[PDB]
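Presented below is the structure to which this report refers.
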Amino acid sequence: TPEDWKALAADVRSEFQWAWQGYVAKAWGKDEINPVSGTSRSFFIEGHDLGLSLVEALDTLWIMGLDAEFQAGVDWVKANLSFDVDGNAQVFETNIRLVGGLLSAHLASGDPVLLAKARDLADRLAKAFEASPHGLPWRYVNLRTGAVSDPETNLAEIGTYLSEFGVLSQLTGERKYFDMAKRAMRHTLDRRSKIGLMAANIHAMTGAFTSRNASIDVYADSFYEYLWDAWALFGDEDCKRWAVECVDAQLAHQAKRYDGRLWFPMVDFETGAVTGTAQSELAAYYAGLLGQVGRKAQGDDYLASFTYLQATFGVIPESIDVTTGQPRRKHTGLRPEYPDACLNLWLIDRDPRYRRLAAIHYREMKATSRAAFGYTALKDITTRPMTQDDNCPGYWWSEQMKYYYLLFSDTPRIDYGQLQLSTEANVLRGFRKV
Ligand SMILES: OC[C@@H]1[C@@H](O)[C@H](O)[C@H](O)c2nccn21
Ligand SMILES: [Ca+2]
Ligand SMILES: [Ca+2]
Ligand code: NA
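Just so you know, mature numbering (1 follows the signal peptide of the UniProt record, and there is no 0) puts 165 at position 162 of the sequence shown, and the rest follows in order with no gaps.
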């Protein structure tokens, strides 16, 4: 019997609503639910929650037509969410989760307050960029005082702002946000090696690399996405060029086959020598990026490596050794990157193969991560049953349930031709209001 995709979408929505109910019951206004114990935890600042999962969920709720739930969350934000807080926040996470989550909710709803709050937060984060003579953000900033800490940063944490900041520039009319984000990316791109790679670790004050390791995953992932995404969102010609150049350098110097499968281990950014044997599950986003930038055959080949892991292990291991294709770790983070790739590749040609693969992933999530009050990360994927930890990461609310729903629902609330997703799956273009 052919899969009824619409029924599967309805199941995703049902499960999401059920999870939301658990969040409301156990963790209202708190950063994350621990759905086994039925408790909450903080994410950014211990004891000073910022409604993380609520904010992350908003655009997902809207897309699913969970309008009452969406509005309850928006109304909570409008009444309660403030960033005048004497505590340190990680700049990267704060941007991709809270600035981006408020922006997608703003674009869905039109509510000016959500933009006001996104912009307030971005202005607090801007102090981290201003504290570097290179415009490379420090990793942490005090939201109230602007004090910075930890300049030993990385490509992802200096280069995952341009989508949110660029949308802020579009909406506000102030180019400063776009410029600040682009300047940081240009810094490292200008320091590419002769073979076109960047090391993944960089110092905000010296502006120099602090390792020799080029990476597509750990320390770097979304830098490469945001180059393409800035072309797509803003028509930025430099970013279009850079996106393709960076990917072609990776395909030339980091693509390696082991036991017939494509992997992208870390390499020395100048010599191209392999410097590591680990690949993170997190790398799976890159299969989708490869398609986006016009390297779809390679993207499908890379997806196939992860499809192998899913078929073999059920849940994709958090990290594997590329030389053996086996797990390096037994726990998971309830990770979304496989359906991320499936959606991104499916948006190119609408091949139902990607739906089939994502349906496996969704069903496996249901079979392994369901707990009393929501969905949880795993302790051990090698036991049967797989043992659970007790945490629903904030990104679950923005990412995989949205990916599944977008893959299966064909919702009229999204213009699929105009759809743009941040690295946290915040929708930054493509809402079709009712
Ligand atoms: O696993 C999802 C999380 C999210 O915060 C987001 O997708 C982000 O791009 C990322 N990089 C590595 C891990 N993650
Ligand atoms: Ca991502
Ligand atoms: Ca992407
Ligand atoms: Na979101």
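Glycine included, every Cβ here is placed at the ideal spot set by N, Cα and C.
Asked: Since I believe residue 128 is in contact with residue 94 (beta carbons under 8 Å), could you give me their beta-carbon distance rounded to a whole number of angstroms?; Found: 5 Å
Asked: List the endpoints of the continuous beta strand (DSSP E) containing residue 33.; Found: No beta strand (DSSP E) holds residue 33; DSSP gives it neither H nor E.
Asked: Please report how far the alpha carbon of residue 414 lies from the alpha carbon of residue 403, in whole angstroms.; Found: 16 Å
Asked: Can you find a heavy atom of ligand 2 that lies under 8 Å from the Cβ of residue 288?; Found: yes
Asked: Shortest alpha-carbon distance to residue 123 belongs to which of 273, 105, 434, 416?; Found: 105
Asked: I'd like to confirm the pairing. Which residues does DSSP put opposite residue 43 in its beta bridges?; Found: 36
Asked: Runs of 3 residues minimum, wholly inside the stretch 367 to 397: which ones carry the beta strand (DSSP E) assignment?; Found: 381 to 383
Asked: According to the neighbour-count rule (16 or more other Cβ atoms, all chains shown, within 10 Å of its Cβ), is residue 109 buried or exposed?; Found: buried
Asked: For the candidate residues 204, 77, 199, 116, whose alpha-carbon lies nearest to that of residue 139?; Found: 204
Asked: Specify the secondary structure class of residue 271 as computed by DSSP and reduced to three states.; Found: strand
Asked: Can you check which of these residues, 318, 90, 160, 26, is closest to residue 2 by C-alpha distance?; Found: Since the displayed the chain opens at 4 and closes at 437, residue 2 lies outside it and no answer follows.
Asked: Any heavy atom of ligand 5 closer than 8 Å to the beta-carbon of residue 225?; Found: Among the ligands present in this structure, namely ligand 1, ligand 2, ligand 3 and ligand 4, ligand 5 is not found.
Asked: Report the three-state DSSP secondary structure of residue 85 (helix, strand or coil).; Found: coil
Asked: Starting from the Cα of residue 395, find the closest Cα among 347, 8, 60, 313 and give me that residue.; Found: 60
Asked: Can you tell me the Cβ-Cβ gap for residue 311 and residue 219, rounded? I've got them flagged as a contact below 8 Å.; Found: At roughly 18 Å, the Cβ-Cβ gap does not stay under 8 Å, so residue 311 and residue 219 are not in contact.
Asked: Based on the DSSP output, what are the partners of residue 212 in its beta bridges?; Found: 205
Asked: Helix, strand or coil for residue 239, going by three-state DSSP, please let me know.; Found: coil
Asked: Measure the C-alpha to C-alpha separation of residue 62 and residue 121 and round it to an integer number of angstroms.; Found: 14 Å
Asked: Compute the distance between the beta-carbons of residue 448 and residue 346, then report whether it is under 9 Å.; Found: With the chain running from 4 to 437 in the structure shown, residue 448 is simply not present.
Asked: Buried or exposed: which applies to residue 419, given that a residue is buried once 16 or more other Cβ atoms fall within 10 Å of its Cβ?; Found: exposed
Asked: Starting from residue 157 and walking both ways along the alpha helix (DSSP H), at which residues does that stretch end?; Found: Unbroken run through residue 157 is the beta strand (DSSP E), 155 to 157; no alpha helix (DSSP H).
Asked: I'd like to confirm something about residue 99: is its beta-carbon nearer than 8 Å to some heavy atom of ligand 1, or not?; Found: yes
Asked: In the structure shown, what three-state DSSP assignment does residue 403 receive?; Found: helix
Asked: Taking 8 Å as the cut-off, is the beta-carbon of residue 291 closer than that to any non-hydrogen atom of ligand 1?; Found: no
Asked: Cβ of residue 400 within 8 Å of any heavy atom in ligand 4?; Found: yes
Asked: What three-state label does DSSP hand residue 324 in the structure shown?; Found: strand
Asked: Any idea what DSSP makes of residue 333, helix, strand or coil?; Found: coil
Asked: Along the chain, where does the alpha helix (DSSP H) that runs through residue 185 open and close?; Found: 179 to 192
Asked: What does the Cβ neighbour count give for residue 185, buried or exposed, with the cut at 16 atoms within 10 Å?; Found: buried
Asked: Classify residue 51: buried if its beta carbon has 16 or more other beta carbons within 10 angstroms, exposed otherwise.; Found: exposed
Asked: Run the proximity test for residue 251: is its beta-carbon closer than 8 Å to any non-hydrogen atom belonging to ligand 2?; Found: no
Asked: Anyone know if the C-beta pair for residue 56 and residue 35 falls short of 9 Å?; Found: yes
Asked: Cα-Cα, which of 300, 125, 359, 392 is closest to residue 375?; Found: 392
Asked: When you measure from the CB of residue 75 to every non-hydrogen atom of ligand 1, does any distance come out below 8 Å?; Found: no
Asked: Determine, using beta-carbon pairs with one atom in the stretch 24 to 41 and one in the stretch 369 to 388, whether at least three such pairs fall under 8 Å.; Found: yes
Asked: Use the C-beta contact count for residue 238: other C-beta atoms within 10 angstroms, 16 or more gives buried, fewer gives exposed.; Found: exposed
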